[PDB]
Amino acid sequence: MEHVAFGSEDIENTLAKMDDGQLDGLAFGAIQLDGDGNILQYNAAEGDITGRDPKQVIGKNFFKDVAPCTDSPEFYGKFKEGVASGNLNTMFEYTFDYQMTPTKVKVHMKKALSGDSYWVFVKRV
Ligand SMILES: *C(=O)/C=C\c1ccc(O)cc1
């Protein structure tokens, strides 16, 4: 396992060194989005959480296609406020209920080290 803790204050530095193969080693789910909500990386442990297979969701829009539960002021609203501000660091609980058994999760959204990319981290609660 790659040793990184969910909610780590420097998680965006640690993950900056990580390819898709190492993202899959994470103890929690991890999705990289660009400013428009497009999935750039999506890890296996999120796959286990949501049941989505990863190679298939890369390049789809998270807010519009993949995850519609998140299209609301409480998820997507925050994400968009953050994109436009150029800074994002928020944690909250949420339920995923699209085409799946309702699963409660802790979400952490953080701006990445690189310019126009954002992390979504996810873990069971
Ligand atoms: C709720 O948002 C529904 C589904 C879903 C699918 C994949 C991921 O990563 C999160 C949520």
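Student: Give a detailed account of helix 6 (residues 76-85), specifying residues and quantitative values.
Tutor: The set of residues buried in helix 6 consists of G77, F79 and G82. As for helix 6, its buried residues are in contact with strand 1 (29-34), helix 5 (62-66), strand 4 (103-111) and strand 5 (117-124). After helix 6 finishes, the residue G86 shows a positive phi value of roughly 80°.

Student: Go over the site of the ligand, please, and point to the residues and values.
Tutor: Looking at the ligand, there are 13 residues lining it, with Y42, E46, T50, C69 and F96 nearest. Contacts to the ligand include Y42, whose side-chain N or O atom sits 2.5 Å from an oxygen atom. In this structure, an oxygen atom belonging to the ligand sits 3.5 Å away from a main-chain N or O atom of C69. Protein contacts shield 100% of the accessible area of the ligand, which totals 310 Å² for the unbound molecule. Elements with a contribution of two residues or more to the shell around the ligand: helix 3 (44-50) and helix 5. Residues of the shell around the ligand, tallied by class, amount to nine nonpolar, two polar and two charged.

Student: Which residues make up the pairing of strand 5, and what values do they have?
Tutor: Along strand 5, six of the eight residues are buried, which leaves the element largely enclosed by surrounding structure. Sheet analysis places strand 1 next to strand 5, joined by six bridges and oriented antiparallel. By the bridge assignment for strand 5, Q32 is matched with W119. Where strand 4 meets strand 5, seven bridges bridge the pair, whose relative direction is antiparallel. Bridging across to strand 5, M109 finds its partner in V120. The loop that links strand 4 with its antiparallel partner strand 5 comprises five residues.

Definitions and cut-offs
- Residues numbered from 1 in each chain as written, not as in the entry; some residues may be left out.
- Heavy atoms only, no water.
- Buried < 20%, exposed > 50% of the residue type's maximum accessible area, 1.4 Å probe, protein only.
- Helix = DSSP H or I, 4+ residues; strand = E, 2+ residues; numbered from the N terminus.
- Contact = heavy atoms within 4.5 Å.
- Near = heavy atom within 4 Å.
- Polar contact = N/O pair within 3.5 Å; in protein donor to acceptor, adjacent residues only side chain to side chain.
- Areas by Shrake-Rupley, 256 points an atom, 1.4 Å probe, with all protein chains shown as cover.
- Nonpolar A, V, L, I, M, F, W, Y, C, P; charged D, E, K, R; others polar.
- Pairing = 2+ DSSP bridges.

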